[PDB]
Amino acid sequence: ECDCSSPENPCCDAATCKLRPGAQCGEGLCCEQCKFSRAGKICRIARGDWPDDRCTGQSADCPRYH
């Protein structure tokens with residue numbers, strides 16, 4: 001299980017396909033520049049006036065209110 005899909009991705013070690021030391025993530029709706037997105041950053045639009053999903057600060061995945 002690689003953490004990045006492309007060897008062009010600077011978040012991973014070219015030699016391992018896994019995160020470089022200190023990188024929190026390589027991919028995901030709540031990853032930016034190899035770091036978890038800040039808590040509260042919008043990461044998925046909900047239909048209508050339902051609350052949009054937001055990042056946790058602690059994961060690269062966008063959690064669900066639905």
Side-chain angles (χ1 to χ4, degrees):
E1 190 180 345
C2 296
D3 299 312
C4 305
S5 296
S6 177
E8 296 165 4
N9 190 332
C11 303
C12 285
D13 181 334
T16 65
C17 89
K18 297 173 167 205
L19 295 176
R20 78 192 183 199
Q24 292 179 310
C25 55
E27 315 180 275
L29 283 172
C30 292
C31 193
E32 63 188 65
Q33 294 173 79
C34 315
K35 303 181 317 182
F36 300 139
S37 297
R38 80 184 180 271
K41 188 173 177 173
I42 295 179
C43 54
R44 191 187 298 102
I45 303 175
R47 297 171 69 179
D49 297 339
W50 291 96
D52 298 323
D53 296 327
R54 295 170 183 272
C55 300
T56 71
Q58 307 221 327
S59 170
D61 293 322
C62 183
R64 297 187 171 276
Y65 295 134
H66 175 199

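For the single chain, residues carry numbers from 1 onward in sequence order. Heavy-atom basis, side chains included; hydrogens, waters and symmetry copies ignored.
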Are any side-chain N or O atoms of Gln24 and backbone N or O atoms of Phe36, one a donor and one an acceptor, separated by less than 3.5 Å?
-> yes
Here the pair of heavy atoms bringing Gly26 nearest to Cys31 is N-SG, 3.7 Å
Set of residues satisfying salt bridge (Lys or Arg N to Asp or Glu O under 4.0 Å) with respect to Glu27, sequence neighbours excluded | none
Salt bridge present between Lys18 and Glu1 (N-O < 4.0 angstrom) = no
Assess the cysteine pair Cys11 / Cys34: is their SG-SG separation shorter than 2.5 Å?
-> yes
Cystine candidate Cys4-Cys12, SG separation under 2.5 Å = yes
What are the two closest heavy atoms between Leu29 and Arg44, and how far apart are they?
-> CD1-NH2, 4.0 Å
Quick one: salt bridge (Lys or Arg N to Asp or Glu O under 4.0 Å) partners of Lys35, sequence neighbours excluded?
-> none
CD1 on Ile45 to CG on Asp52, rounded to 0.5 Å | 6.0 Å
Expected list for residues 57-66: side-chain donor-acceptor pairs under 3.5 angstrom, two or more places apart:
from, atom 1, to, atom 2, distance (Å)
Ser59, OG, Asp61, N, 3.0

Sequence neighbours left out, what passes side chain to side chain contact (heavy atoms under 4.5 Å, CB included) with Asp13? Give chain and number order.
-> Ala15, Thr16
Residue pair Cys55 / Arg38: nearest heavy atoms and the distance that separates them | CB-O, 3.6 Å
Considering residues at least two apart in sequence or located in another chain, which fulfil the salt bridge (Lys or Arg N to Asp or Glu O under 4.0 Å) criterion with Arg20?
-> none
Those residues that, when tested against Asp3, pass salt bridge (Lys or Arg N to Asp or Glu O under 4.0 Å) (two or more places apart) = none
